[PDB]
Amino acid sequence: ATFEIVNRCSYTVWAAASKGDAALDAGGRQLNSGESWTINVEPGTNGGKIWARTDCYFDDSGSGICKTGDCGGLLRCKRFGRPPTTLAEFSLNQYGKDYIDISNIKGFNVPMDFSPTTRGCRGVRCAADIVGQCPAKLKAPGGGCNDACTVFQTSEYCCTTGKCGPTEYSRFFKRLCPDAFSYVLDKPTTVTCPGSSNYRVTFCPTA
């Protein structure tokens with residue numbers, strides 16, 4: 001499956017793509033403002049994620065740090081990034097179908113649109129100014145708007161037991177972005193696409 005990753009932000013982002021235990025394609029790359037990077041994701045990929053990282057520094061070997069979404073200091077991500085990270089999430093070729101969503105469960109850093117480039121389903125978007133509107137207690141000093149589980153580490157926010165409900169903090173993400181997951185047990189906003197669809201992830205889709 002192809003995923004065209006486009007940076008429409010006025011700032012550079014370092015795109016990342018991983019399934020948690022391995023990179024997807026090269027795993028990461030710098031995207032200056034306006035740049036497009038097309039990756040190939042193996043059919044059958046389950047639990048894949050794409051995200052942006054901001055304010056990165058990498059040396060010649062691809063080692064360094066990002067202020068948001070850092071994946072163990074690597075340019076080429078092999079693991080998930082450090083919150084806050086707006087997430088484009090996907091599972092492909094799952095009994096003949098693809099499943100996509102945007103999630104704020106690990107916070108928000110950069111606005112994003114995640115849409116198919118092929119027929120048969122709609123895209124999902126979280127493009128509101130969540131960083132600007134972020135509640136004081138969730139603001140990440142390193143940049144971004146943290147989720148409440150990251151900040152407070154309680155069973156209720158982290159949905160440790162599976163009993164959790166919505167919270168004042170999850171409702172903030174849900175109000176700004178109704179089409180993204182705001183907590184672990186949120187009412188799903190996952191879209192079913194034909195199996196083997198192709199996609200485009202656009203950072204800062206509106207500006």
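The chain as shown is numbered from 1 upward.
Here the Cβ of each residue, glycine as well, is placed from N, Cα and C on the backbone.
Taken from Swiss-Prot as is:
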- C9-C204: disulfide bond (DISULFID)
- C56-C66: disulfide bond (DISULFID)
- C71-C77: disulfide bond (DISULFID)
- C121-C193: disulfide bond (DISULFID)
- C126-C177: disulfide bond (DISULFID)
- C134-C145: disulfide bond (DISULFID)
- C149-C158: disulfide bond (DISULFID)
- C159-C164: disulfide bond (DISULFID)
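Recorded features from Swiss-Prot, shown on the structure.
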residue: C56; record: disulfide bond; DSSP (3 states): strand
residue: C66; record: disulfide bond; DSSP (3 states): strand
residue: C77; record: disulfide bond; DSSP (3 states): coil
residue: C121; record: disulfide bond; DSSP (3 states): coil
residue: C126; record: disulfide bond; DSSP (3 states): strand
residue: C145; record: disulfide bond; DSSP (3 states): strand
residue: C159; record: disulfide bond; DSSP (3 states): coil
residue: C177; record: disulfide bond; DSSP (3 states): coil
residue: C204; record: disulfide bond; DSSP (3 states): coil
Subject >> Residue pair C204 (disulfide bond), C149 (disulfide bond) - Cα distance, angstrom, rounded >> reply: 25
**OP:** Tell me, if you would, which residue among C56, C66, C77, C158 (disulfide-bonded residues) has the fewest other CB atoms within 10 Å in the structure shown?
**Re:** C158
**OP:** Would you list, in sequence order, the disulfide-bonded residues among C56, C66, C77, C121, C134, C149 whose CA lies within 10 Å of the CA of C159 (disulfide bond)?
**Re:** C149
Original post:
Should any of the disulfide-bonded residues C9, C77, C145, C164, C177 have a Cα within 10 Å of the Cα of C158 (disulfide bond), which are they?
Top reply: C164
Original post:
Which one of these disulfide-bonded residues has the most other Cβ atoms within 10 Å of its own Cβ: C9, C126, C134, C193, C204?
Top reply: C126
**OP:** For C71 (disulfide bond), just give me the three-state DSSP call.
**Re:** coil
**OP:** Take the Cβ of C121 (disulfide bond) and count every other Cβ within 10 Å, whichever protein chain it belongs to.
**Re:** 17
**OP:** Check the Cα distances from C193 (disulfide bond) to each of the disulfide-bonded residues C9, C66, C71, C77, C134, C177 and keep only the ones within 10 Å.
**Re:** none
Original post:
Which residue, out of the disulfide-bonded residues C71, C145, shows the minimum number of other Cβ atoms inside 10 Å of its Cβ in this structure?
Top reply: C71
Original post:
Which one, from the disulfide-bonded residues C149, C164, has the smallest tally of other C-beta atoms lying within 10 Å of its C-beta?
Top reply: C164
**OP:** Determine the minimum-neighbour residue: among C159, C177, listed as disulfide-bonded residues, which Cβ has the fewest other Cβ atoms within 10 angstroms?
**Re:** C159
Original post:
Rounded to the nearest angstrom, how far is the Cα of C134 (disulfide bond) from the Cα of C177 (disulfide bond)?
Top reply: 12
Original post:
Taking the Cα atoms as reference points, how far is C66 (disulfide bond) from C164 (disulfide bond) in Å?
Top reply: 31
